[PDB]
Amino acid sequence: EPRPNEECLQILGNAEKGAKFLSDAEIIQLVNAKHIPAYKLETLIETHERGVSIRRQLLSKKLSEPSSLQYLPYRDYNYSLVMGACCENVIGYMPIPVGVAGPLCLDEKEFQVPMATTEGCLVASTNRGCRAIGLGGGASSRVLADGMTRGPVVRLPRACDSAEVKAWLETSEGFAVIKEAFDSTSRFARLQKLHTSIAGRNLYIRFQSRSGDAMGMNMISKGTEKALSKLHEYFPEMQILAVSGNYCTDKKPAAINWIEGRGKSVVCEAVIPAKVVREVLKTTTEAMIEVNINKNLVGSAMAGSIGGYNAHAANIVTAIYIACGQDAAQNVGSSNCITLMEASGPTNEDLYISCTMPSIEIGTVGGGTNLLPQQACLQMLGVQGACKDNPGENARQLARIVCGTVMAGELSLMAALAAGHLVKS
């Protein structure tokens, strides 16, 4: 039934037939022995699933084991929201187990926190830390700052010239002009204080702005493009080298994120009664403080850590992020956390605990949050999509939930380490 190549190509270019009529082996035969290239399988074929299936068959014959894809599932998944948006050369999907850790008592509310992980004991441990938090009157958090950044590098012909652009940007008149250009690109675009830094005839300019409920990379980058266009009108010798000169900084470790913040800067806290630490966490307060100082402060310091003065906030950040359609690679900066434990109340037997996380890069609109399964997890928290009355509130709430769930996860791993657990039981 697989027709000759010259004939199949005619039915393809037929506007009232298309690949809908061609068989699987015929679409394959045209990719092989080049005619339809390979990447162009996306736009031609009838349904999205049949494109995934064809691409899987092509892929199977190139592999050293033909049936590698047998347990990689692809059927019945909604690919309409994925193609052209979230992923390319799609051959299926990867199911990541999702557990629940809660209720999380935070700001006089309750939250059932979804967490997608394959590390056993992670969700149970976090769930225990939530119960301890809940039995001690609950947690409270504050968003200290909010604004996604982009950190382009431009080049003037000399360091003195880039010193002049730095001085001009620092004047209130220069900032008003660059803020007009930036703010015109979108209704959420509101440029805050510019931070600049020189390295010879390079000039790194840190544009920061809130992005409503989106994480905001696409919004700040568009705002930055036009802003540097307006700056170029005043300084035509300027050469834009890159929209990112790693000064944002995005998806790399960097002290500037730790010190200036990026996206949402958050602080959570709680006071656990001496009873709850004993019963739920199987330790004392004196022991928790001892482990936290010498592990999370002194230990991190001996390791040469910048922004890693914590136990495992990266476990909780990553688990929520995958569950809620966040950019999981932004875990690199979003895990930044200092966990602090001290005595509280009369005997100095109650455990004070606070996690401060300067650079939670998060958003409840765009990216993976347009997909329905990760919209479901966002809906658990009540933060799905945009907030009309109070733009930004949903992404800020989710940032607060991340910091609170980190603190829950911190209480439980630190408690296990304090009561002598060396291995995953």
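Counting begins at 1, following the sequence as shown. Throughout, rigid core stands for the largest set of C-alpha atoms superposing within 1.5 Å between the two forms.
- Between 181-189 and 124-132, the larger root mean square Cα shift in 7 other deposited structures of this protein, once each structure is superposed on the rigid core, falls on 181-189.
- Per-stretch RMS Cα distance to the displayed form in 7 other deposited structures of this protein, following rigid core alignment, is highest for 343-351 when 319-327 and 343-351 are compared.
- Modelled in this chain, residue 24 is likewise resolved in all the other entries of the protein that span it on both sides, not missing from even a third of them.
- Across the other compared structures of the same protein with both neighbouring residues present, residue 15 lacks coordinates in at least a third.
- A summary of the deposited B-factors shows that, of 353-361 and 43-51, the stretch with the larger mean C-alpha value is 43-51.
- Relative to its counterpart among 341-349 and 302-310, 341-349 has the higher mean temperature factor, C-alpha atoms as listed in the PDB entry.
- Comparing the listed residues 79, 321, 258, 93, the entry records the largest Cα B-factor for 79.
- Per the PDB record, 9 has a higher Cα B-factor than any other of 401, 413, 9, 407.
- Residue 335 sits in the lowest third of its chain by CA B factor, as recorded in the PDB entry.
- Compared with the other modelled residues of the chain, the Cα B-factor recorded for residue 104 ranks in the middle third.
- Residue 222: CA B factor in the highest third of modelled residues in this chain (values from the PDB entry).
- Looking at the C-alpha B-factors along this chain, the one for residue 327 belongs to the lowest third.
- Placement of the Cα temperature factor of residue 157 within the chain: middle third of the modelled residues, per the deposited record.
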